[PDB]
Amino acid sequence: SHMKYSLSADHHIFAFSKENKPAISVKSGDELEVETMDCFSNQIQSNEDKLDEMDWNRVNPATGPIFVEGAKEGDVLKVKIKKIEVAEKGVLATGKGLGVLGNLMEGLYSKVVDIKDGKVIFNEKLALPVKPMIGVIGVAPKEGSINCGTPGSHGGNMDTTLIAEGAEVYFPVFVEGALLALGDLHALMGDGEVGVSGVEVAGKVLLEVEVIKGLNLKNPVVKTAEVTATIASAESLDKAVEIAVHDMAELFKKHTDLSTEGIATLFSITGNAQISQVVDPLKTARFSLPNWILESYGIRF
């Protein structure tokens, strides 16, 4: 299938749920240009008396859900991120009790910054080149309902910098049609997101979807032109690292002839545990390996 649709940000959700009716159905191989609201549903723009006294129930709108025909529970949905465009301004936020330095601050803070000629004008001294990424993306979990802001095995709020143009994200599918949704673009974000926010922007994501049938995943996987990382989320970084490393060990166990000791020592010396974010109600980490090692071992998604 080769169709292309545009889905506007008027179709959106707040919690990833098997019960959300689909905004649109497409087929494996189809493309979508998905428009998004920023993390705040665009409530903060007037920069001025735009205080974070927003609605708050309107945070993390994810555009979707998209129903992908052929996707069944146990399959994988592969999402190719081809293009991220971002708006010409963004919003930074932080404050008492928010992120790692929440203990040093009182009150709430927001600043709207300009993005101009591909740079975030943080202040008069730093113009910081954009690295657009998608903070919230995932499929419906098999059961119940999780706020767009809590990451899990189905993706969701992973705030992972590798999900950027050129990346492919693989989710395990828990329900018929997968139900993909995405929002919370950042013009720029550092690993850990230790202030609580990135440069929060509205924008548009050209992506493509494919259904994979032969492949069992327990958690999301992102693959860029150079590395492949398993992503996991848990109540502590330590446990989230453990889960991501084990998920990658399992892919080796299932797709290669390498002994466990082989696995553990290879990972020790060529894999990198890294951090995506530390400031959501679960923390998110990842274990990354270079593509050519996987390829050598015959691991192909």
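In case it trips you up, residue 1 is the first one in the sequence shown, and so on.
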Review point. Comparing 184 to 192 with 110 to 118, which stretch shows the greater average C-alpha B-factor in the deposited entry?
Key: 110 to 118
Revision key, fill the gap. Going by the entry, of stretches 54 to 62 and 263 to 271 the one with greater average Cα B-factor is 54 to 62
Point to revise | Options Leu104, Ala178, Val209, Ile134 - largest CA temperature factor per the record | key: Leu104
Practice item. Using the temperature factors in the entry, find which of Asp257, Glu31, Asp49, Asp238 has the highest value at its Cα atom. Key: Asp49
**Study point:** Third assignment of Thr230 from its chain's C-alpha B-factors
**Key:** lowest
Review point. Lowest, middle or highest third: where is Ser25 by Cα B-factor in its chain?
Key: middle
Review point. So where's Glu165 on the chain's Cα temperature factor ranking, which third?
Key: middle
Exercise for review: Rank-wise, by C-alpha B-factor, drop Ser153 into the lowest, middle or highest third of its chain.
Suggested key: lowest
Review point. What third of its chain's C-alpha B-factors does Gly95 belong to: lowest, middle or highest?
Key: highest
